[PDB]
Structure formats: C-alpha cells, structure tokens
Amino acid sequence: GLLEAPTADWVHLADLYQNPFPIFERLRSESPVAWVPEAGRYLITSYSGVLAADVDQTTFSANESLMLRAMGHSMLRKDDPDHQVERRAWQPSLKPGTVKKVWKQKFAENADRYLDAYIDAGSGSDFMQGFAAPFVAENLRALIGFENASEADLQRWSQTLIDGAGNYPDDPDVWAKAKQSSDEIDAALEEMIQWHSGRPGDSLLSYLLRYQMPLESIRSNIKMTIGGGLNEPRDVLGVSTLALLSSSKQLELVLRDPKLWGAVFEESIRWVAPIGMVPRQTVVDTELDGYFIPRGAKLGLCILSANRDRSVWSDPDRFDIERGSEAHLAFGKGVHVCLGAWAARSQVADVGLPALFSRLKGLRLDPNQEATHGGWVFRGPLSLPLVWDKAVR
C-alpha cells in the first residue's frame, strides 16, 4: 500500500546551503518524500512529486507564515479564485510581445551603461556586484515604473524582504530592516500611484492603474515582485557566464550559432534553479510518489533537485545545451507559473549575455580568484571574478 515518509535527520540546513546537490541525489534515490526536522517540512525531491504537487492547488495550497509579516499577502500565497484576478491585473507589461516591443530596447540601454561601469571597475572585478546585480535592478525599476527609486534601493529592498521572509531565527534586526523596506516602498508607491494614474505608458504600474486592486494588495504584490524579480535573473547571469567560461566546447557552440543564447538561459535554470524550493501546505490527506502525506503537512517542493532527476534528463549534472532542458520546472508549472519569464529571458539571453561576450575580449575565469556559491532555497554564485584583455562597450 502507501509507504510512510521517512525521517531524514542526517539532512542539515548548513550542508544544504553549502552543497545541496549530493544531499538531493541521495534523497531522490532513497526517499523522494522525507521529513526533515531542521526544515520543519517534508521535502519533495523527485521531478514527479514536485510537478504533481505544483499543478494541483486544491490539494496542495499556496496559502500557509513569515512571508505574510515580511511582505503582506501577495497573489503568490493565494489560491484561485483570488489568485487569478490579481495575476491577470499583473500580466500586461510582462507579455512576450510587450517585452519584445517596449522593454528589450530599455534593457539594451541599461546593458551599455552597466557594462561601461564594469569596464571602469576593471579586470579582476566581481561580475555579480560589478554588472549582474545593478543591470537587473535597473531593468526591474523600469519594468515596474519606479521613477522615484534607484537601482540600489531595489537591491536593498529585494534582499531585506527575502531575508524577512526567512527569518526563522527571528532576528529582530532582520525584521527591522524588512519593515523599513516595506515602509519605504509604501511611501514610494504613494507618489508613483498619483504619477501613473491617467498617464499612458507600458510599466506595470501604468497598466495596473488604468478590477481595481486594493492598496494593500498593490503593496503586497509589488514587494513580492521585487523579491522575485532581481536576485533571480542576477543569479542566472552568473551561472550562464560561469558555465560557458568553464567549457570551451559549450561556448564555441554558441559563438557558431548565437540563436542558442536562449538555450543557454534554459539550460542554466535547469542546471541550477534560481528558486530552489517553494512551499505548499496540504489541505487533505494525500500521497506523492507512493508516500502518505497527512492533511496540513508543510512541504518544500525542491525544484533544485527535481531539475537534476536522472529519469528525466541524461547526465543531468552536466551543463549541456545540445542535450537541452525540455520540461524543466525552474519557472514552475501550475497557476503560479512565473509571470516574469519572458522579461527574464530577454534581459539575460537576448541582451545581457551577448553584450558581455562581445565587449570583453579574452573573457575568462580568474585562476587566482575562484568563484564561490551558496544557497538551496535560492541558489547562485556569491562571487564571480572575471578577467579580460581589452574592452569595447
């Protein structure tokens, strides 16, 4: 019949943070549904289990938590019907057609500005802070419609809200910083709401103010967008750059056919999912992968692991754009499927990466400053020093 989910008390949060992949290989192999005491959750680690849970909101609710105190209650932590009405108000500025016609040009302007600043910083400098983070910050600033905020504001808001949402230790300074970001955003939105009402434009705020979303939901959804829309594309820029500078075969494929930049982006998010775990809570007794799960159980859907599942892709631990990345779960699959996916892909594959690789000649990793990495709930390079011989634009 149904199996009992084992307790995997050998799984420690510190080890998941430092290197999660060998932990998840063991879990997929021995126990794809497992109770992890330190996490306070059953971790779901197979492709099958994550996918099943993600597509069935009636059984596996998005509405459980720390997210509420950090950010308020956004559409991400609602189920339908309330989710769908908010999501639809959020769609217009992020459709693929609007990204192509309106945003790509703005991204390309921002790539020039930030690549020039990285060039000034000089060979040897960290790419993560030196280019990736301010580029995607200024892009997000434009997408949303924040005329009265700087890219730096956006970077600080993003990290502090994320940190508030994972404040299990209940650090009081962590809560104080997320609260202050929340207040600043509230103030900034007050002024931007007046500005954008009545005023043609293609920013998220412009479309939104033309169903009238209540103010508390505007604030919560904006905070969620900031938390979801900056660190994630920044991380993909780091992963993709590292992967191509680590394999001359992979980089040659791309230079021989630059149409493959899209495939680089899709393979990066399969290989290292930027959002590695998403939470659900069960509403009824259920099962995943033949394991019983009790009503009210809190689950962590480990996308990071699902995208390494050896029954779905051959040699999944390798970065390989020819094998490809068909049906990866990095943007999810149910009714919450990433609204930003087209904006992310354009920023990174269509603009940022080609600009980087065409402007910095002899681009290479630093043999004397090895890249560093961390995270499992969210994962990417913490630092990525690059060197180059000469720089264009």
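We number the residues from 1 along the sequence you see.
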Original post:
Which fits the stretch between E64 and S65: none, 1 to 3, 4 to 9, or 10 or more deposited residues lacking coordinates?
Top reply: 1 to 3
**OP:** Could you bin the unmodelled part of the deposited chain lying between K100 and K101 as none, 1 to 3, 4 to 9, or 10 or more?
**Re:** none
Original post:
So which stretch wins on mean C-alpha B-factor, 186 to 194 or 132 to 140?
Top reply: 186 to 194
**OP:** Return whichever of 145 to 153 and 258 to 266 has the greater mean Cα B factor according to the PDB record.
**Re:** 145 to 153
**OP:** Kindly indicate the residue among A70, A34, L353, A344 with the greatest C-alpha B-factor in the PDB record.
**Re:** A70
Original post:
Of the options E232, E322, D309, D126, which has the highest CA B factor as deposited?
Top reply: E322
**OP:** Going by the recorded CA B-factors, say which third of the chain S358 sits in, lowest, middle or highest.
**Re:** highest
Subject >> Chain thirds of CA B-factor: placement of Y118 >> reply: middle
**OP:** Could you look up the Cα B-factor of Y17 in the entry and say which third of the chain it sits in: lowest, middle or highest?
**Re:** middle
Original post:
Hey, what third does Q57 fall into on Cα B-factor, ranked over its chain?
Top reply: middle
Original post:
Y168: which third of its chain by C-alpha temperature factor?
Top reply: highest
